[PDB]
């Protein structure tokens, strides 16, 4: 069974646009999205479709790149660090729900490396 997906808007949360957040969407997210290992992470985990009935018994703060993309598009974040935290949550969730060496973990490991390469240097404000 699936919980509601994470919010992509929140009217009482303040919005912001920064050069770094623009970069996270245009360069970081959009490039990672095209990687051959991106597909499992392009939408929230569907526990019914993927037959993972224990997924949300284990993962209590789900995150995916579809959600991140919508958050960036809606200027949901206050700063780049907040967005980076969502990417890190996504990767960590994968390591938590699975085990070292699993195919899905190998995919997350590769994406995390590419992610770190890309956020090593961000534009200046």
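Residue numbers count along the first chain shown, from 1.
S.K.: Hey, which bit's got the bigger mean C-alpha B factor in the entry, 83-91 or 50-58?
M.R.: Of 50-58 and 83-91, the stretch with the higher C-alpha B-factor average is 50-58.
S.K.: Considering every modelled residue of the chain and its Cα B-factor in the PDB entry, is residue 69 in the lowest, middle or highest third?
M.R.: Lowest third.
S.K.: Considering only modelled residues of the same chain, in which third does the CA B-factor of residue 96 rank: lowest, middle or highest?
M.R.: For residue 96, whose C-alpha B-factor we compare with every modelled residue in the chain, the answer is the highest third.
S.K.: Going by the CA temperature factor in the PDB record, which third of the chain does residue 63 belong to: lowest, middle or highest?
M.R.: For residue 63, the deposited C-alpha B-factor lands in the lowest third.
S.K.: What third of the chain does residue 27 rank in for C-alpha temperature factor, lowest, middle or highest?
M.R.: Highest third.
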